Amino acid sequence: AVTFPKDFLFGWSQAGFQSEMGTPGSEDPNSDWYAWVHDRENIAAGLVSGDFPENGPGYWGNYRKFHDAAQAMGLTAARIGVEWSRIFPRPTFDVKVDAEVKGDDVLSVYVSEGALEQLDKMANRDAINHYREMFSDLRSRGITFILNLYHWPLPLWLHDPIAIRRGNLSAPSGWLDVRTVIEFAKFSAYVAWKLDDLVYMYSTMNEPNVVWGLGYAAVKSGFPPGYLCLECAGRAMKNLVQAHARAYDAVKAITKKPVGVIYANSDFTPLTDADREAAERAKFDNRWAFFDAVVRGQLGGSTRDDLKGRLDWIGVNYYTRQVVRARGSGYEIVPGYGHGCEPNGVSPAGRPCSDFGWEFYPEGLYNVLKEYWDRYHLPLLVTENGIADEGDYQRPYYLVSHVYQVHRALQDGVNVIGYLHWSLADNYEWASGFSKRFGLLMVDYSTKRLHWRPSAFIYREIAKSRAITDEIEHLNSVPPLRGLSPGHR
């Protein structure tokens, strides 16, 4: 068997927007992402799927049954998001805080108790009370709670993504506006102040790199505001860095619990040995630039004491690799591997690809954990790992293989404190809608019933034993190719 420490957390991760809606009274129309996915032009263009979150799995109303399944599966942790748009559907700009802003730089934001009380007057009571209700129930099952403050949607009062798509940059502009940083510090302080007693650890945000990169560079992804603007991507990145740091400080002024960040990762692997330097450039550009900012204070060639040391733990999201080849002194991501594969194809390495076109590459999780550990030596939590797999064809192998790699990291001395699968149940996969199914549990979106895929039973074995048991270790292997789609050659 492959045995984990007694205190190692097995659980799941979940986003508010992706999972909450679907039950009566849950609809939240007040976010940029809601507007974005309902926008007729976006639907007609195929930027978004045409599926809508309000037809989703209904965690808002049915949380007890999600928690029942998690408890039955032996899970001991959950990272779940709260939605800013639910808690502050109306603007909080008028709440005075003590901020130092020098042009583009937000160096401090102090949120007084008076400000928290004013925020409480503005907050949506049903929302914050309901979050307490859900997370209280979660805790009642023996499940430790990691609260993630931000998982992409913004209140519409902060971001009109359609106006921005259209190039009206004077409209509310989300992460292009330093004001969003200050408002986020306010929000973060408020939520900690309200909910801290339920929380084990905090994450300020999830995959900010996806927000800046898909929002403003990889616009065919269909993410808001879909305004093709590399300078905007950089501005958003910096504001997300600053938002993280200012949220960290705001939360720390309320609680001393660990405050971290969750980030989207790939293992950047060189196509050939000659591409090793190119792979290193890719790691820096796509990963270290953000973490060097929030850990070491290093941003854009300058060091900021207000950014340094603003991280207690790192949430590693990992799905697959990106293969890199040198292109002059730059680099390029090689199609056909990693994230860039044919849906339900096979890479040139002989690795099957998911329903999303993501290559089976569990080794990359070890590499990414090791690399973050060696660089910063901050505690790591695998905050997402999973697969879009409607048939549960690859998922059993994917699960076991990736868990094994976490164990390997641990054996080599990486302080990884848990593994959170994405996700407990199927949910609304952003611009792709419902057809990308990442659950251990299948969701019937008509009935809202949860259904156990066989992988869920495998995960129960792991979580209850805190081990890859002898019975299931064989799943630490690549899915046999013959029975799977071959893709195209």
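Residues carry their position along the shown sequence, with the first being 1.
- When the C-alpha B-factors of 144-152 and 294-302 are averaged, 294-302 comes out higher.
- When 82-90 is weighed against 384-392, 82-90 comes out higher, by mean CA B-factor as recorded in the entry.
- Taking the deposited Cα B-factors for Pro335, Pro208, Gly357, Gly174, the highest one is held by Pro335.
- In the deposited coordinates, the residue among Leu214, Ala274, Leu369, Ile262 with the greatest CA B-factor is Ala274.
- Annotation for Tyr131: CA B-factor lies in the middle third of the chain's modelled residues.
- When the CA B factors of the chain's modelled residues are split into thirds, the value for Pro362 lands in the lowest one.
- The entry lists a Cα temperature factor for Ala278 that places it in the highest third of the chain's modelled residues.
- Among the modelled residues of its chain, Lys96 has a C-alpha B-factor that falls in the highest third according to the deposited record.
- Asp267: CA B factor in the lowest third of modelled residues in this chain (values from the PDB entry).
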